[PDB]
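Below is one structure, written out as structure tokens, with a few remarks after it.
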Amino acid sequence: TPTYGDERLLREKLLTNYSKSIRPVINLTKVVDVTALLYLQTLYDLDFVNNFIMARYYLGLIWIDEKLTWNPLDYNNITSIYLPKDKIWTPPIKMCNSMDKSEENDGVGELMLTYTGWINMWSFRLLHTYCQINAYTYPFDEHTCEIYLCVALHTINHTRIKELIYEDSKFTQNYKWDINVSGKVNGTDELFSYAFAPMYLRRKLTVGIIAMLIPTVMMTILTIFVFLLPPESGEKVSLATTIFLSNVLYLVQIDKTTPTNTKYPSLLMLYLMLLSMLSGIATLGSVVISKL
Amino acid sequence: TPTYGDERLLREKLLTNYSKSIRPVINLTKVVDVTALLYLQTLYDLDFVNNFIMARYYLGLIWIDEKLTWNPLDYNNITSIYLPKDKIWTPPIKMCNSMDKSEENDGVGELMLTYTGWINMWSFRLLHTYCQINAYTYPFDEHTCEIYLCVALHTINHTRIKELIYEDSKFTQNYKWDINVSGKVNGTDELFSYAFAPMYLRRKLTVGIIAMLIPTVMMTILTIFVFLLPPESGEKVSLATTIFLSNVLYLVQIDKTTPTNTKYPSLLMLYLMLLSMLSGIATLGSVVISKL
Amino acid sequence: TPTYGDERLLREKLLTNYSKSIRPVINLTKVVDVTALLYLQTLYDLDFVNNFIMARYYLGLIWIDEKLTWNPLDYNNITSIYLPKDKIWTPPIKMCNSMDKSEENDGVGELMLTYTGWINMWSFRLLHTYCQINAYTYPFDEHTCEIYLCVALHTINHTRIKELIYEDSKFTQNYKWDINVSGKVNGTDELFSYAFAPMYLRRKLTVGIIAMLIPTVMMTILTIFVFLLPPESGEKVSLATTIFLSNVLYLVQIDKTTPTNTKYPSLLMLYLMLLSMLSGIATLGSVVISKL
Amino acid sequence: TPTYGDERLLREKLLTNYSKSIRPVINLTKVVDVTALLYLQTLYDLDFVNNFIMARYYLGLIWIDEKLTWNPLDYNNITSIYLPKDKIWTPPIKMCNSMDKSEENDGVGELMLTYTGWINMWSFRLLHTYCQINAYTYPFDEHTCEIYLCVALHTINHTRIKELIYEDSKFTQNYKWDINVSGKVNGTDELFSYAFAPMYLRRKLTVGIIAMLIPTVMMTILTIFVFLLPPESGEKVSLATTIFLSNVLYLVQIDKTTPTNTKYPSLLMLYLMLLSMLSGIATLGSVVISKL
Amino acid sequence: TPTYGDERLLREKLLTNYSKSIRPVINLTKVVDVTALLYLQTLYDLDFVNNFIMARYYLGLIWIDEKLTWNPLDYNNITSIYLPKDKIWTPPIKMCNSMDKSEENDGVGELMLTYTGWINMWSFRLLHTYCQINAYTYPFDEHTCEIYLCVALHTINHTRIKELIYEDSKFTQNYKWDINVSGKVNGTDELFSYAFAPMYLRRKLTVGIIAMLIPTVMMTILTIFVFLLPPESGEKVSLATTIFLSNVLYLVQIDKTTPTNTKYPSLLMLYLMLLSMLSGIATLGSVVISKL
Ligand SMILES: Cc1cc2nc3[nH]c(=O)[nH]c(=O)c3nc2cc1C
Ligand SMILES: Cc1cc2nc3[nH]c(=O)[nH]c(=O)c3nc2cc1C
Ligand SMILES: Cc1cc2nc3[nH]c(=O)[nH]c(=O)c3nc2cc1C
Ligand SMILES: Cc1cc2nc3[nH]c(=O)[nH]c(=O)c3nc2cc1C
Ligand SMILES: Cc1cc2nc3[nH]c(=O)[nH]c(=O)c3nc2cc1C
Ligand SMILES: *[C@@H]1O[C@H](CO)[C@@H](O)[C@H](O)[C@H]1NC(C)=O
Ligand SMILES: *[C@@H]1O[C@H](CO)[C@@H](O)[C@H](O)[C@H]1NC(C)=O
Ligand SMILES: *[C@@H]1O[C@H](CO)[C@@H](O)[C@H](O)[C@H]1NC(C)=O
Ligand SMILES: *[C@@H]1O[C@H](CO)[C@@H](O)[C@H](O)[C@H]1NC(C)=O
Ligand SMILES: *[C@@H]1O[C@H](CO)[C@@H](O)[C@H](O)[C@H]1NC(C)=O
Ligand SMILES: *[C@@H]1O[C@H](CO)[C@@H](O)[C@H](O)[C@H]1NC(C)=O
Ligand SMILES: *[C@@H]1O[C@H](CO)[C@@H](O)[C@H](O)[C@H]1NC(C)=O
Ligand SMILES: *[C@@H]1O[C@H](CO)[C@@H](O)[C@H](O)[C@H]1NC(C)=O
Ligand SMILES: *[C@@H]1O[C@H](CO)[C@@H](O)[C@H](O)[C@H]1NC(C)=O
Ligand SMILES: *[C@@H]1O[C@H](CO)[C@@H](O)[C@H](O)[C@H]1NC(C)=O
Ligand SMILES: *[C@@H]1O[C@H](CO)[C@@H](O)[C@H](O)[C@H]1NC(C)=O
Ligand SMILES: *[C@@H]1O[C@H](CO)[C@@H](O)[C@H](O)[C@H]1NC(C)=O
Ligand SMILES: *[C@@H]1O[C@H](CO)[C@@H](O)[C@H](O)[C@H]1NC(C)=O
Ligand SMILES: *[C@@H]1O[C@H](CO)[C@@H](O)[C@H](O)[C@H]1NC(C)=O
Ligand SMILES: *[C@@H]1O[C@H](CO)[C@@H](O)[C@H](O)[C@H]1NC(C)=O
Ligand SMILES: *[C@@H]1O[C@H](CO)[C@@H](O)[C@H](O)[C@H]1NC(C)=O
Ligand SMILES: *[C@@H]1O[C@H](CO)[C@@H](O)[C@H](O)[C@H]1NC(C)=O
Ligand SMILES: *[C@@H]1O[C@H](CO)[C@@H](O)[C@H](O)[C@H]1NC(C)=O
Ligand SMILES: *[C@@H]1O[C@H](CO)[C@@H](O)[C@H](O)[C@H]1NC(C)=O
Ligand SMILES: *[C@@H]1O[C@H](CO)[C@@H](O)[C@H](O)[C@H]1NC(C)=O
Ligand SMILES: *[C@@H]1O[C@H](CO)[C@@H](O)[C@H](O)[C@H]1NC(C)=O
Ligand SMILES: *[C@@H]1O[C@H](CO)[C@@H](O)[C@H](O)[C@H]1NC(C)=O
Ligand SMILES: *[C@@H]1O[C@H](CO)[C@@H](O)[C@H](O)[C@H]1NC(C)=O
Ligand SMILES: *[C@@H]1O[C@H](CO)[C@@H](O)[C@H](O)[C@H]1NC(C)=O
Ligand SMILES: *[C@@H]1O[C@H](CO)[C@@H](O)[C@H](O)[C@H]1NC(C)=O
């Protein structure tokens, strides 16, 4: 059976003439094909004001090393070892379109190497990634956030992203967003390789949101009623003023929460603006009739 | 008695052929059984909006090293030493379901080793850990937060979590949450070992929260009274407007504080929505009678 | 006179067989007695909502090294040297009950050693330390915050905290809190040594805070007057509504500022809740008389 | 074809007598001309209150090394290598006028070197850079933010910034700001070289912002109408009070959002101040007529 | 002319027997006189609530090394070199009274050394420094913030701060604060040397702030008028209620923005408290007359 001394001998022979900075290819004309695996874990939040989405992934990287091989029959059947992450060449994959907020406590600093040369490098990653958040169809809105990977500095004739396999690990249930992360995509080559996983997010219709929407709709009903109310009732100006106050309060309220960076504004805010405008016309008619 | 030179000799012989990256097992076919001890210290806060709980623990890790042993009679009865944490193999246990916000000033960077090979590694850990926070039965609500541990990269045929022993250290009294963290659980094996401690949290009924609840119930009494008030009293419309304003203010107020990510929304918020809806019907009846 | 070469020779001979990881004792059965000196500098703030106090200290640590000694007559009267902090054994004293937010720019990374073996290691420390904040007697409230020190990993039969000497350096004046940090306490031995300095904090009565009180008290006077006002004045309901609105606004206002984690809630908040309840009874009486 | 051994030999000969701290020039009297390339990627946000702009760039640095050269025919046609960033001399370019908030996960830590000595060093950079934000012509306002580069410590007789080439990479579309970053500028020599890229930012007129502006203009129309309303209508004081309340609410609202650091304040805020002042005069006239 | 080999030889001879931890003095009885140069760059903000001021400086440190000298005629006229900052003894100057928030990206990590031994060490430094902020004469207020320097651990018989030369670099114009930072001060010796630069800050009277102050004065005029209004006008109680509401809103508004840590509170806040108190007396008189 394999022993501690056997693994020590294997590692000592393995790292004899290894240069961490030289790409692991016998012939430097060949590229190293990297395939990345991005398994989402949890979607913490979708920050509307800052246009970010907070999530935790399981970014994995697989490639082939041609210098790190051995016949396992020569080393008591040792088929795999674990190396420190900083002793071996590692592709310079970056979270190109993201602010990476992972800590050193979430850095594994180790990798799995197989006797055929295949290396697995799996790392937890918490990302604050930019998303173009369009609140047009709020609150029945859908959105697309693309998580980008791009080789840092090696040209496509040196390092390439063969594929990106993205899935959802179903670790936790959201109850607010319906996430749809599935599919395989080849890498895109434009002077440096890069790929991206599309994340589709649909807001789930909760009874809490519809209960928060109920006051707005009934307020619209009340505006319609007062607009239809006789000018000579005598309470027109009073309740019109009070409900214009409340409507303006709701408009300010939504305005501080609605995203400012959208292809179009939200239909609901524009509809409440229209409501305020109609309330203004109702107040105008009431005062005009009052003077006349 | 043991001396500085004796301990120096022991350490020098001990670390002679130690490789930090090779699992500490004579036969590599055997697994290293790690038992983790997680003693909660203080529950700083339960953040509803961000779905996190802030706490400080005493995560301890115990395993057995087969290479680091000695007969203490051969070294003047030295029974235990202290080694720097980065010179010895350390299992790659991670706060899998948490954002670790500990500093390097909270890193001990040392471990205690016994002549039989047993290693103790105790470390303070401040965690921002994800919890599925359900505010259904607010404010008489209970919640369950699971703190996850999972070996990083070694397969179950290499490293396993034998057990997880979780307790409460009673270092401080909370006065807001009743914490119940006790029990022992074996590790779960699904391609990589992992375990979790269930934390049960019950909000304690404080005289302050019931005091804050008094305005709401008396507001309900007032709504009922005005709904029962004669249409021809003359104060119907005015008081309905003022108390609809107050109801909407309380609804907005709670809505900015209630969690948006819940299995069900909070009954109290839905009950205040019902209150506002009834106030709207009262206003509708008052205005209808006023016109007719 | 001592020279650069003399100090170089002394240091070279001093560090010849020094192991940073071996406790500095000739006989390992003896403990190293550490006496800590904690001189407060400034009390930045007392965060009520998060139950923290922000301050900057001058934590100093003094102990005795038995391996690092020399006869100064043998080295041209060199009586003291300065060593890098990471080359010498350092007791693992931790800010056990605090989040340490000091930077590496505030780390001295150097220590003073005397020819008798006595080492002084003084470091600035900015601490976010947990305090059980009771707002019962607000705003004439007092509080006690305990700053904890505890040896990290060495058992009491290896390392002990001999004493904790805490004082106030009077570097700056507060004008908001009266701080009382003075006294000497022996270390407490329960499986690992630890000590704590009790810091008493009394809010100073400022003319600004009494001014902010003035509206509340006069509002109470106004509530009493309107409660005494004749039911048949005709303005009862109007002022009752307006002042209940204002009362509820003040109640919400204080509620968002009062701590939620207290042994008892603040009497002033409960008194304003009683004021709101009395306003509700006044409104009830006014409407009842109005209908009847 | 070039091989791993060939690249190893080349690197070994290349770094034989290289000193990282000695400028890479045969004759030390000559300066090293650095040309910087700053390609903006995304303009995250323009923080008005803090006077910052958040963006992500592609800062590249190109210069010439005279010690690192080779005849490629002597090494099997190896024309370029990759070196670790910390083994070679690197110009000390700093984001002089900015808070750099990039992480170590966004640090490439490698550079591309060509057989002629030309080095390319491209790095992602997220900057929180100070801008003098003038909100005079709000919301039809334009602004100029200058991104500064300046050599850290070398005098102009040692290191110079030859040029700064700035462009927009069009990676993402903004939809809120029209960005205009294009042009080439020579370095400025005043005791230490430095250059800056001017960033012009124009707020795009969105249908959302005009919708938000509608309430204000109609409120002005209403103020004009009530100012023209007959003093003897009887409702003058009532609507004057209500609309002064609303005006003051809008004034406070904008005041908490308008920048406090401007060459001139925003005309719209001053116009709403004028509107409130006119409302005050209208209230004064109404009350004066009411008493008389 | 000097060459790369010449500088290499010079550095190799220079660092032959250099100990980074030994003060650079031939005779250890002499002190090293450090003169610091602190050139302010920009005053980002003056945070009233947290009592901090955010600024970026150009902290320079100059001293004399007696071991690092050479005759330049012996090395082809090399008159100055650049050394890595961590290879040479550096005085342990700390921003004693400040939170240093500089990044490693703003650390030069290099220093300029002259053949006479004079070393220049210039570094950008962004400081969050404590200031005793007195808002007595708000908004026509002036303030003094002292930036402290103090040697970390060396006694005055080892290291001394010869002088502190502070100036304003005029890099940017403020438009909100008039800064006056100029003058020279000797170091202060009380067991460890230290010095401080006094920075005077005067708020500039902006047309925006006076515009914000207009509502308050006109509100005072309105309070005076209603106090003078006939008790029997009929609008007394109504307008007193509405303007007491507005006064209380402004009082809360300013109270959340006024500093709580001042030698005296702000006169304007106390004046608005007096205004609210007078409004309360006016309301009291109106209601008293109404009942009687
Ligand atoms: C290494 C590197 C090369 C790059 N080339 C680039 N080339 C280009 O034409 N446009 C870019 O925006 C660009 N960005 C780069 C960023 C990095 C980090
Ligand atoms: C090392 C490692 C392996 C993993 N394998 C994994 N395997 C799998 O089937 N699903 C996962 O989500 C997964 N995550 C991993 C994460 C890490 C850090
Ligand atoms: C080294 C160490 C030992 C400990 N022992 C401990 N022992 C115990 O009984 N309760 C604890 O909470 C505890 N905490 C510890 C923390 C550390 C860091
Ligand atoms: C190295 C260095 C030199 C400097 N010289 C400087 N020289 C000067 O006249 N004014 C400055 O503001 C200034 N700042 C400097 C900053 C640095 C970091
Ligand atoms: C090295 C050092 C010595 C000190 N001495 C000190 N001595 C003293 O009498 N009072 C202090 O506050 C004090 N603080 C110190 C801080 C440091 C970091
Ligand atoms: C490693 O490189 C050296 C060159 O210094 C060579 O002598 C040796 O044979 C090489 N060994 C292997 C296993 O490649
Ligand atoms: C490298 O190229 C040579 C050229 O013939 C070829 O024989 C060799 O197989 C190549 N190396 C690999 C690993 O394929
Ligand atoms: C080596 O180990 C593998 C693991 O299952 C086994 O299948 C194989 O038979 C072993 N071979 C030898 C020669 O031990
Ligand atoms: C996810 O989206 C893809 C393409 O947009 C679609 O084919 C697939 O059916 C979707 N799946 C779910 C579960 O929404
Ligand atoms: C992706 O790459 C594979 C492998 O070469 C190829 O077969 C396939 O056609 C490519 N395109 C897609 C869409 O998969
Ligand atoms: C350590 O390993 C070396 C192999 O280089 C061997 O010669 C030596 O005997 C070993 N010593 C021990 C104590 O295992
Ligand atoms: C390793 O396996 C061999 C096989 O017989 C056994 O004799 C030995 O005891 C094992 N090692 C340990 C530490 O159990
Ligand atoms: C070694 O120390 C232990 C500690 O209690 C003691 O029990 C034992 O008798 C000692 N043995 C010898 C041989 O000193
Ligand atoms: C804690 O919970 C467990 C399981 O829910 C239960 O058996 C135990 O009695 C509880 N203890 C306390 C103190 O609530
Ligand atoms: C846990 O592991 C132990 C040790 O093998 C075993 O005896 C026990 O049955 C397992 N299950 C539980 C619930 O303890
Ligand atoms: C230091 O330890 C070595 C052991 O290798 C010994 O030979 C030497 O005499 C010791 N010197 C001192 C000063 O203790
Ligand atoms: C250590 O113990 C021995 C036992 O007699 C004693 O002689 C010696 O003085 C002790 N060491 C010290 C430093 O006291
Ligand atoms: C050594 O220095 C101290 C310092 O004051 C002095 O008192 C003492 O006389 C000196 N002794 C010798 C021998 O120089
Ligand atoms: C501080 O508190 C201690 C104990 O509570 C007391 O003895 C002492 O007089 C107090 N000093 C001041 C200045 O309050
Ligand atoms: C503290 O320790 C000292 C030193 O042993 C002792 O004299 C004293 O009695 C202890 N207790 C107190 C309260 O000081
Ligand atoms: C490198 O420098 C050494 C000086 O120690 C010299 O002997 C050698 O010839 C130099 N080699 C090259 C390639 O410059
Ligand atoms: C350095 O100066 C000498 C002086 O004549 C000149 O010959 C040489 O070409 C210069 N070096 C370079 C690289 O131009
Ligand atoms: C070296 O490689 C370049 C790359 O295109 C090629 O143009 C050139 O002909 C090659 N020369 C030799 C001698 O192989
Ligand atoms: C950008 O600004 C420059 C100078 O201000 C001008 O020449 C150029 O036309 C502008 N381009 C755009 C697209 O606005
Ligand atoms: C900039 O530098 C270049 C190169 O020396 C020079 O030709 C040009 O005149 C300079 N000025 C401008 C505006 O380009
Ligand atoms: C440096 O110190 C060594 C002591 O090991 C001495 O032999 C040598 O002469 C010294 N050289 C210089 C230049 O001081
Ligand atoms: C050190 O002191 C001696 C004592 O005479 C003196 O000669 C020498 O000049 C001093 N060193 C320096 C650098 O002044
Ligand atoms: C050395 O360089 C300086 C720099 O200006 C010059 O003034 C001096 O004449 C030069 N001396 C020699 C000997 O080259
Ligand atoms: C700055 O203040 C000093 C002393 O307070 C004074 O002498 C000087 O004239 C002032 N300068 C300015 C520009 O305010
Ligand atoms: C400051 O130090 C200098 C140099 O020793 C001295 O001339 C001066 O008198 C001291 N005092 C002042 C106020 O400059």
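All residue names refer to the structure tokens as shown: chains lettered A, B, ... in order, residues numbered from 1 in each chain, ligands numbered from 1 in order.
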Which residues are close to residue 223 of chain E, i.e. within 10 Å by only C-alpha atoms, leaving aside same-chain residues fewer than 6 positions away? Reply as a ChimeraX atom specification.
/E:217,229,239-240,243-244,247,275-276,278-279,282
Please check which protein, DNA or RNA residues sit within 12 Å of ligand 7, counting only C-alpha atoms and all ligand atoms, and write them as a PDB file with N, CA and C atoms, in the first residue's frame.
ATOM      1  N   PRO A  24       2.583  25.137 -18.570  1.00  0.00           N
ATOM      2  CA  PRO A  24       2.911  23.702 -18.542  1.00  0.00           C
ATOM      3  C   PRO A  24       2.620  23.007 -19.864  1.00  0.00           C
ATOM      4  N   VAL A  25       3.480  23.246 -20.851  1.00  0.00           N
ATOM      5  CA  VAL A  25       3.343  22.637 -22.167  1.00  0.00           C
ATOM      6  C   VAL A  25       4.731  22.273 -22.662  1.00  0.00           C
ATOM      7  N   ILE A  26       4.872  21.062 -23.202  1.00  0.00           N
ATOM      8  CA  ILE A  26       6.156  20.646 -23.765  1.00  0.00           C
ATOM      9  C   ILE A  26       6.542  21.552 -24.926  1.00  0.00           C
ATOM     10  N   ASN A  27       5.624  21.754 -25.869  1.00  0.00           N
ATOM     11  CA  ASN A  27       5.833  22.648 -26.999  1.00  0.00           C
ATOM     12  C   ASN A  27       5.073  23.936 -26.733  1.00  0.00           C
ATOM     13  N   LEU A  28       5.792  25.051 -26.659  1.00  0.00           N
ATOM     14  CA  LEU A  28       5.148  26.300 -26.278  1.00  0.00           C
ATOM     15  C   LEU A  28       4.194  26.830 -27.340  1.00  0.00           C
ATOM     16  N   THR A  29       4.170  26.240 -28.535  1.00  0.00           N
ATOM     17  CA  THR A  29       3.254  26.699 -29.568  1.00  0.00           C
ATOM     18  C   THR A  29       1.818  26.271 -29.299  1.00  0.00           C
ATOM     19  N   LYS A  30       1.604  25.274 -28.447  1.00  0.00           N
ATOM     20  CA  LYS A  30       0.268  24.786 -28.150  1.00  0.00           C
ATOM     21  C   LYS A  30      -0.345  25.586 -27.009  1.00  0.00           C
ATOM     22  N   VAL A  31      -1.665  25.726 -27.050  1.00  0.00           N
ATOM     23  CA  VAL A  31      -2.399  26.455 -26.028  1.00  0.00           C
ATOM     24  C   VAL A  31      -2.821  25.483 -24.938  1.00  0.00           C
ATOM     25  N   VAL A  32      -3.086  26.020 -23.750  1.00  0.00           N
ATOM     26  CA  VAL A  32      -3.655  25.257 -22.644  1.00  0.00           C
ATOM     27  C   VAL A  32      -5.150  25.544 -22.593  1.00  0.00           C
ATOM     28  N   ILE A  64      -5.000  20.680 -18.083  1.00  0.00           N
ATOM     29  CA  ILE A  64      -4.087  19.547 -18.187  1.00  0.00           C
ATOM     30  C   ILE A  64      -2.658  20.061 -18.134  1.00  0.00           C
ATOM     31  N   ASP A  65      -1.861  19.462 -17.258  1.00  0.00           N
ATOM     32  CA  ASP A  65      -0.439  19.739 -17.130  1.00  0.00           C
ATOM     33  C   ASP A  65       0.347  18.599 -17.757  1.00  0.00           C
ATOM     34  N   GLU A  66       1.285  18.936 -18.640  1.00  0.00           N
ATOM     35  CA  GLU A  66       2.082  17.928 -19.327  1.00  0.00           C
ATOM     36  C   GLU A  66       3.391  17.601 -18.625  1.00  0.00           C
ATOM     37  N   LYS A  67       3.832  18.420 -17.674  1.00  0.00           N
ATOM     38  CA  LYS A  67       5.063  18.137 -16.948  1.00  0.00           C
ATOM     39  C   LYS A  67       4.826  17.292 -15.709  1.00  0.00           C
TER      40      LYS A  67
ATOM     41  N   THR D   1      11.060  23.635 -32.681  1.00  0.00           N
ATOM     42  CA  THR D   1      10.080  24.488 -31.957  1.00  0.00           C
ATOM     43  C   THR D   1      10.571  24.747 -30.535  1.00  0.00           C
ATOM     44  N   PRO D   2      10.191  25.876 -29.940  1.00  0.00           N
ATOM     45  CA  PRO D   2      10.665  26.170 -28.587  1.00  0.00           C
ATOM     46  C   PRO D   2      10.090  25.190 -27.582  1.00  0.00           C
ATOM     47  N   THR D   3      10.868  24.921 -26.537  1.00  0.00           N
ATOM     48  CA  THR D   3      10.515  23.927 -25.535  1.00  0.00           C
ATOM     49  C   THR D   3      10.599  24.521 -24.135  1.00  0.00           C
ATOM     50  N   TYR D   4      10.082  23.741 -23.187  1.00  0.00           N
ATOM     51  CA  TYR D   4      10.093  24.140 -21.788  1.00  0.00           C
ATOM     52  C   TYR D   4      11.516  24.346 -21.299  1.00  0.00           C
TER      53      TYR D   4
END
Of the candidates C:155, C:105, C:90, C:17, which shows the shortest atom-to-atom distance to ligand 3, using only C-alpha atoms and all ligand atoms?
C:155
List every residue of segment 16-259 of chain D that DSSP, applied to the backbone, labels as strand (DSSP E), and write the result as a PyMOL selection string.
chain D and resi 32-40+42-47+52-57+60-64+80-84+93-94+98-100+110-114+118-122+125-130+142-151+159-168+177-180+183-186+188-190+192-203
Expected selection as a list in words for ligand 13 within 7 Å, only C-alpha atoms and all ligand atoms:
residues 73, 76 and 77 of chain B
Distance in Å - atom 9 (O, counted along the ligand's line) of ligand 24 versus atom CA of residue 207 of chain D
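Between these atoms lies a distance of 25.5 Å.
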Could I get the residue neighbourhood of ligand 15 at 9 Å, counting only C-alpha atoms and all ligand atoms, as number ranges by chain?
B: 162-163, 184-187
Would you pick out the contacts of residue 209 of chain A at 12 Å or less, using only C-alpha atoms, so that residues sharing its chain but fewer than 2 positions from it are not included, and give the list as a list in words?
residues 138, 139, 140, 176, 203, 204, 205, 206, 207, 211, 212, 213, 214, 215 and 216 of chain A; 255, 258, 259, 260, 261, 262, 264, 265, 266, 269, 270 and 273 of chain B
Generate a file of the selected residues that holds N, CA and C atoms, formatted as a short mmCIF file (atom, residue, chain, number, x, y, z; two decimals), in the first residue's frame.
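result-v7.cif, freshly written:
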data_model
loop_
_atom_site.label_atom_id
_atom_site.label_comp_id
_atom_site.auth_asym_id
_atom_site.auth_seq_id
_atom_site.Cartn_x
_atom_site.Cartn_y
_atom_site.Cartn_z
N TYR A 138 -41.78 46.56 -13.43
CA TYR A 138 -41.90 46.35 -12.00
C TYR A 138 -43.38 46.27 -11.61
N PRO A 139 -43.76 45.40 -10.66
CA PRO A 139 -42.99 44.38 -9.93
C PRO A 139 -43.04 43.01 -10.60
N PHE A 140 -43.62 42.90 -11.80
CA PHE A 140 -43.62 41.66 -12.57
C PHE A 140 -42.45 41.65 -13.54
N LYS A 176 -37.91 34.56 -3.27
CA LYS A 176 -38.12 35.92 -3.75
C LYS A 176 -37.81 36.03 -5.23
N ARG A 203 -38.76 37.99 -10.48
CA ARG A 203 -39.31 38.25 -9.16
C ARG A 203 -40.56 37.40 -8.94
N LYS A 204 -40.59 36.67 -7.84
CA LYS A 204 -41.74 35.84 -7.52
C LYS A 204 -42.83 36.70 -6.89
N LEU A 205 -44.07 36.51 -7.35
CA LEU A 205 -45.19 37.32 -6.87
C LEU A 205 -45.57 36.82 -5.48
N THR A 206 -45.23 37.61 -4.46
CA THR A 206 -45.54 37.27 -3.08
C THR A 206 -46.79 38.00 -2.59
N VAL A 207 -47.47 37.35 -1.64
CA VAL A 207 -48.66 37.95 -1.08
C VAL A 207 -48.29 39.20 -0.29
N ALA A 211 -50.03 42.72 -1.09
CA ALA A 211 -50.66 43.41 0.02
C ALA A 211 -50.10 44.82 0.16
N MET A 212 -48.86 45.04 -0.30
CA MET A 212 -48.31 46.38 -0.29
C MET A 212 -48.82 47.19 -1.48
N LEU A 213 -49.23 46.51 -2.55
CA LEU A 213 -49.80 47.19 -3.71
C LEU A 213 -51.27 47.54 -3.51
N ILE A 214 -51.95 46.87 -2.58
CA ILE A 214 -53.38 47.11 -2.38
C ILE A 214 -53.65 48.57 -2.01
N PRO A 215 -52.93 49.19 -1.06
CA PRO A 215 -53.17 50.61 -0.76
C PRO A 215 -53.10 51.51 -1.98
N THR A 216 -52.15 51.28 -2.88
CA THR A 216 -52.02 52.14 -4.05
C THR A 216 -53.25 52.06 -4.94
N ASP B 255 -43.27 48.31 6.84
CA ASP B 255 -42.86 47.70 5.58
C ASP B 255 -41.37 47.91 5.33
N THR B 258 -39.92 45.14 7.81
CA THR B 258 -40.25 43.73 7.69
C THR B 258 -39.34 43.06 6.65
N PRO B 259 -38.91 41.82 6.88
CA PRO B 259 -38.10 41.14 5.85
C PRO B 259 -38.91 40.88 4.59
N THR B 260 -38.25 41.04 3.45
CA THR B 260 -38.85 40.75 2.15
C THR B 260 -38.69 39.29 1.73
N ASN B 261 -37.86 38.51 2.42
CA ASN B 261 -37.56 37.12 2.08
C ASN B 261 -38.09 36.20 3.18
N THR B 262 -39.35 35.80 3.07
CA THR B 262 -40.00 34.97 4.06
C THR B 262 -40.87 33.92 3.39
N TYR B 264 -43.76 33.15 4.44
CA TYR B 264 -45.01 33.89 4.45
C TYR B 264 -44.73 35.27 5.02
N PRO B 265 -45.52 36.28 4.68
CA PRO B 265 -45.30 37.60 5.28
C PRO B 265 -45.79 37.61 6.72
N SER B 266 -45.46 38.68 7.43
CA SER B 266 -45.85 38.77 8.83
C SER B 266 -47.33 39.07 8.97
N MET B 269 -48.31 42.64 9.85
CA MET B 269 -48.34 43.56 8.71
C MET B 269 -49.59 43.34 7.88
N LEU B 270 -49.97 42.08 7.66
CA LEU B 270 -51.17 41.83 6.88
C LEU B 270 -52.41 42.31 7.61
N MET B 273 -52.60 45.94 7.11
CA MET B 273 -53.11 46.18 5.76
C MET B 273 -54.63 46.05 5.76
#
